[PDB]
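FYI the Cβ positions are ideal-geometry reconstructions off the backbone, even for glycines, and counts take in every protein chain you see. Derivation of every value follows stated rules applied to the coordinates shown; laboratory data play no part.
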Amino acid sequence: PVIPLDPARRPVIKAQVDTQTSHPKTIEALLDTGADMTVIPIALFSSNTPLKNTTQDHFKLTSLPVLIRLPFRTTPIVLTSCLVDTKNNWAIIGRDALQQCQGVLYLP
Amino acid sequence: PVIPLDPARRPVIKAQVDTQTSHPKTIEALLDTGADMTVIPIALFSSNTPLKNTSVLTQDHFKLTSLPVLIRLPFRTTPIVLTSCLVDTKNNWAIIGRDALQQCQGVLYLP
Ligand SMILES: Nc1ccc(S(=O)(=O)N(Cc2ccccc2)[C@H]2CNC[C@@H]2N(Cc2ccccc2)S(=O)(=O)c2ccc(N)cc2)cc1
């Protein structure tokens, strides 16, 4: 699909996230071409999972790869590692995931 | 033009920005679809300024333009007229927001 760019309406998308620490959940993420690394809410991780620390406190880093499935594509997007928002339930699809699903940016 | 996305490659572009308080200048701006408002450096403005204080998701980093900003892209000849945009005072980033991408009818295509 073609997502129009609007300052009023955020270019969001419904995406299922597999953190491999809990059951796969479908969340609303933000399509961001400015973000290099995908952001995942800490609400999708188990209480046990160890995360690599790397603003230094607001975000953490995954220890295990994360699988992301879009409404249209059947095959999941594999991310070796991605940021973990531990504060504001932030889900942001960066270029690291947008590259794997042939995503581009068009300017007439 | 079709701009490919890569985590190890910032989707930057060359743009001419007119702050209407100095000489028009060319800067490297980051194509950002997660930005609802364009951010430009304070190195483009003069000394006097009058810029408004603002809060951006930080109360101290960004400032708001009192006058519109003329932004010109390589391909299209007609400029993008933002009524207002953010001014980075701490660093000197250049970020093309969705407010600018809308007027040039930019879109996000996902196969
Ligand atoms: N890897 C990585 C790098 C940066 C970020 S981000 O700063 O959180 N972040 C997402 C975001 C946060 C808060 C509100 C809206 C979007 C960036 C990504 N795109 C827009 C946003 N920004 C651009 C940016 C900043 C630093 C580095 C790279 C890009 S931004 O500065 O926060 C921003 C926020 C609001 C507006 N109007 C304009 C710009 C997230 C992950």
In the set A:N53, A:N88, which member is away from chain B (no Cβ under 14 Å) and over 10 Å from the mean Cα position of the chain (by Cα)? A:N53
If A:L107 passes every condition in (1) among the hydrophobic types (A, V, I, L, M, F, W, C); (2) closer than 30 Å to B:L82 by Cβ; (3) touching a helix residue (DSSP H, G or I) at 6+ places or on another chain (Cβ under 7 Å) but one, which one does it miss? (3)
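Matching residues to (1) of a type in the set (A, V, I, L, M, F, W, C); (2) under 13 Å from B:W93 (Cβ atoms); (3) within 16 Å of the ligand (Cβ to nearest atom):
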position: B:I40; (1), (2), (3): yes, yes, yes
position: B:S46; (1), (2), (3): no, no, no
position: B:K52; (1), (2), (3): no, no, yes
position: B:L57; (1), (2), (3): yes, no, yes
position: B:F62; (1), (2), (3): yes, yes, yes
position: B:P68; (1), (2), (3): no, no, no
position: B:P74; (1), (2), (3): no, no, no
position: B:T78; (1), (2), (3): no, no, no
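Quick one: how many residues across the stretch A:3-29 are assigned to a loop (DSSP other than H, G, I, E, B) and either more than 14 Å from chain B (Cβ to nearest Cβ) or over 15 Å from B:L110 (Cα atoms) (or both)?
We begin by selecting, within the stretch A:3-29, every residue assigned to a loop (DSSP other than H, G, I, E, B); these are A:5-11, A:19-24.
With the extra rule that they be either more than 14 Å from chain B (Cβ to nearest Cβ) or over 15 Å from B:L110 (Cα atoms) (or both), the set shrinks to A:6-10, A:19-24.
Residues that pass the stated criteria total 11.
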I'm trying to understand the selection: among the residues of the stretch A:30-60, which are surrounded by 17 or more Cβ atoms within 10 Å (Cβ to Cβ) and in a strand (DSSP E or B)? A:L30, A:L31, A:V39, A:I40, A:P41, A:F59, A:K60
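Here is a yes/no grid of residues against (1) among the aromatic types (F, W, Y); (2) farther than 30 Å from A:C101 by Cα:
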position: B:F62; (1), (2): yes, yes
position: B:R72; (1), (2): no, yes
position: B:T89; (1), (2): no, yes
position: B:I96; (1), (2): no, no
position: B:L101; (1), (2): no, no
position: B:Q105; (1), (2): no, no
